[PDB]
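Novice: Sequence plus experimental coordinates follow:
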Amino acid sequence: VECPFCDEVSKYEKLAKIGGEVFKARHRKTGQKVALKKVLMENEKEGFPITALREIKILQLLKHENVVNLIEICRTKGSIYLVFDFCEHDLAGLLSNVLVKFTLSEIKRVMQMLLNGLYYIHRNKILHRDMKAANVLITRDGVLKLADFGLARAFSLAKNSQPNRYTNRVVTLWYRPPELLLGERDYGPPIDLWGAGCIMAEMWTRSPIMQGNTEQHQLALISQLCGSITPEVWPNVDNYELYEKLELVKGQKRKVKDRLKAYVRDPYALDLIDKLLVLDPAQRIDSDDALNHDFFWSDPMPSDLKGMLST
Amino acid sequence: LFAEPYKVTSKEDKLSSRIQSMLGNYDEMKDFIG
Amino acid sequence: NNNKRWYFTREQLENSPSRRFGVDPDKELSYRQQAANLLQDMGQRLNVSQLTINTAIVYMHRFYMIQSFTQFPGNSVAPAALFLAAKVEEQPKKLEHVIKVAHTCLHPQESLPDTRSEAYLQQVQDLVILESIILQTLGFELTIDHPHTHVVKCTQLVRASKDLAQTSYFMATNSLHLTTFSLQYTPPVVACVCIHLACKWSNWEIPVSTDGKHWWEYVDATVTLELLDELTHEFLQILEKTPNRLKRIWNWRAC
Amino acid sequence: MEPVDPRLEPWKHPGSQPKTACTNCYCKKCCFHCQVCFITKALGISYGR
RNA sequence: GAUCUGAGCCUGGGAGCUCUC
Ligand SMILES: [Zn+2]
Ligand SMILES: [Zn+2]
């Protein structure tokens, strides 16, 4: 049984468990550190999961200094394994550790690389649809890397005609944007930034600002923070078949900056977060304009993270 | 940038005639292709 | 050197995996044409975009560049190939639908096996397993570029008429069904061959750009008149080797 | 048989199935009805059962 | 009669036909 274009996973040596899905192995010969991601073929109802095909098809395309690199794909003497360039830390883990200290300068660098990464994937017509501190890796040299593109795919620029009908149930409930919670299937890049805004808020809160247990509960929290969802602030929001069928508060006002006031502290920082957590995706600032925000061009200026990683 | 294509007065190209004697007369097999 | 991977020469093709198990050159190509025909037939019955079909055809040509018809039947790889291309081209078709249509084309006599029968459950595994094999054999390189993409862009630029545009695109499909240029020349080059081949047959001649440059120069910087004529020669040479009537159909007979 | 704008996304491309049911005639008109007819009728290439 | 003990080939795709037995 010929198979020259698919080396055996035996070439790697498993060390520990991550994410029995993701493992930390090292090349038996070179000694290079890598991340083994086993393909979950639990649902063999439709052969090889289309979700995997996309991730693989996308990773082979995307190649940025802020995006995880896909080395190769191994097998078993069978199951499939996706090899990536091992990442020492992860935004999620770092924020969880108290010993870790983030300076206003270092924080700006983290987001700068994050948004810079989104700009790439978005420019290449790709949607992550799963933004969270957990998927935000950071190399040993202090280089942010976007990983886990399982729920990621490619969207279209709607040729001014019949809209698209993508999957609705996407992105973590905690990092899921309003539109998705209203039944929006013709979404786009804005859904990713919403998570980025929630992630940038955790850089000071060290914990998810909106932890809902259900879809409706999530909306309630978003309405109490970002304010009540009304046609005024969200034009044509009433068109949603779930707008009226879902009891949403009407009195709650926008208190994004007010709630994150004692945390963020920094003026510019608060302003950016406010533009990223905008209810209406049409008015939601994009990655491009996000990088041009005074937040990234005001003293103190962004700097590497090596100093912080020393703890 | 380009000019709208035109017909060729008696295709003398050896390649052209080779196709004509293979697939047949063009004009007569167009309203069927697609 | 990932580019030159799925691009061989006339000699390499002359020594294909199948040629290693004793399979005449003209015989192998025959299997390829048949495999492409099956994919085209099943695709239309599944109502899938031409893109999905072409993509499936490409995998077929490349798949047999590492494997042999002696080990992998063309009527078996086709179903799996098409089933895979469907997903890649954002147009997946239920495994049940594929097997059903594939059985209608391969077994017009026998009746469609019950979705509960032991025989059916078997065909499922065989197709799924073969699918994984195709992926590994291709190195998981699903991304494929078709000449049709370059053919359409060129026709619109040269301001070619519909009849000419339809023919150009038409020949672009025949190349994947009869020839193996998809394993020899890049899509851009193949696109020029189709248009050039369509022009000679349509008597249409594409003028020279207002800048003094040929049309093919706007499709590929490595394409030359000498190449087109040579390639067009091989294309037709393969067309002449067809086992059916292409001279008797020159009439307006009834139905 | 009919050209398709590449700029269009995979999930946007139209089906390959011909508008009219693949007729059953060897006439010079049906030989080009579709891709299959051309390969099976004009070229006479079949996969058989 | 097979028809992975085969096919050549062709009229409206066989409902046509002959080949080494
Ligand atoms: Zn007819
Ligand atoms: Zn037809």
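Specialist: Thanks, I have it. Numbering: from 1, shown residues only, chains lettered A, B, ... in the order given. Ligands and ions are numbered 1, 2, ... in the order given.
Novice: And the residue of chain D that's closest to RNA strand E?
Specialist: residue D:26 (3.5 Å; Cβ to the nearest atom of the strand). C-beta coordinates here come from the backbone N, C-alpha and C atoms, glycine included.
Novice: Show me the residue at the heart of chain D, geometrically.
Specialist: Centroid check for chain D by Cα atoms, centre = their mean gives residue D:34 as the closest residue, at 2.4 Å.
Novice: ok, and does the host helix or strand of residue C:228 reach over to chain B?
Specialist: Assigned by DSSP states H and E, residue C:228 falls within helix C:225-239. Yes. Applying Cβ under 8 Å from any Cβ of the partner chain, one finds helix C:225-239 in contact with chain B at C:229, C:232, C:233, C:236, C:239.
Novice: ok, residue C:130 - how many residues close by?
Specialist: A count of nearby residues for residue C:130, using other Cβ atoms under 10 Å in any protein chain shown, gives 22.
Novice: That one - nearest residue in space that isn't next to it in sequence?
Specialist: Nearest-residue entry for residue C:130: residue C:80, 4.1 Å, with adjacent residues in sequence omitted and distances by Cβ to Cβ, 6 or more residues apart in numbering or on different chains.
Novice: what sits against that neighbour?
Specialist: By Cβ atoms under 8 Å, 6 or more residues apart in numbering or on different chains, residue C:80 lies in contact with C:127, C:130, C:131, C:133, C:134.
Novice: And residue C:172, by the same measure?
Specialist: Taking Cβ under 8 Å, 6+ apart, we find residue C:172 in contact with C:146, C:147, C:148, C:151, C:190, C:191, C:194.
Novice: likewise residue C:134?
Specialist: With contact set as Cβ under 8 Å, 6+ apart, residue C:134 has these partners: C:59, C:63, C:77, C:80, C:81, C:84.
Novice: nearest to residue A:5, of these?
Specialist: For residue A:5, the nearest member of those is residue C:63. The distance, counting by Cβ to Cβ, is 11.4 Å.
Novice: any idea how far the closest one lies from residue A:36?
Specialist: Distance of residue C:63 to residue A:36, computed by Cβ to Cβ, to the nearest Å: 27 Å.
Novice: still on that earlier bit, quick one: secondary structure of the closest residue to the residue of chain D closest to RNA strand E other than its chain neighbours?
Specialist: By the measure of Cβ to Cβ, 6+ apart, the closest residue to residue D:26 outside its immediate chain neighbours is residue D:41, 5.9 Å from it. Judged by DSSP: H, G, I helix; E, B strand; the rest coil, the three-state class of residue D:41 is helix.
Novice: Any idea how many residues pack against residue D:41?
Specialist: Neighbours of residue D:41 using other Cβ under 10 Å come to 24.
Novice: Spit out the contact partners of it.
Specialist: Residue D:41 sits in contact with C:244, C:249, D:26, D:30, D:31, where contact means Cβ under 8 Å, 6+ apart.
Novice: 10 Å - rerun?
Specialist: C:244-246, C:249, D:22, D:24-27, D:30-34 (Cβ atoms under 10 Å, 6 or more residues apart in numbering or on different chains).
Novice: Only whichever of the residues you listed are buried, select them in PyMOL.
Specialist: Taking 16 or more other Cβ atoms under 10 Å in any protein chain shown as the burial criterion, the selection of buried members of those in PyMOL is written as:
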select buried, (chain C and resi 244+246+249) or (chain D and resi 22+26+27+30+31+32+33+34)
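Novice: Make a ChimeraX selection of whichever of the residues of helix C:225-239 next to chain B turn out to be buried.
Specialist: Applying 16+ other Cβ under 10 Å to the residues of helix C:225-239 next to chain B, the buried members can be selected in ChimeraX as follows:
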select /C:232,236,239
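Novice: which of the residues of helix C:225-239 next to chain B lies closest to residue A:214?
Specialist: For these, the residue nearest residue A:214 by Cβ to Cβ is residue C:239; the value is 63.8 Å.
Novice: Tell me how many other residues surround the residue in the stretch 1-150 of chain A that chain C sits nearest to.
Specialist: When scored by Cβ to the nearest Cβ, the stretch 1-150 of chain A has residue A:5 as its residue closest to chain C, at 4.0 Å. Each residue near residue A:5 was counted by other Cβ under 10 Å, and the total is 16.
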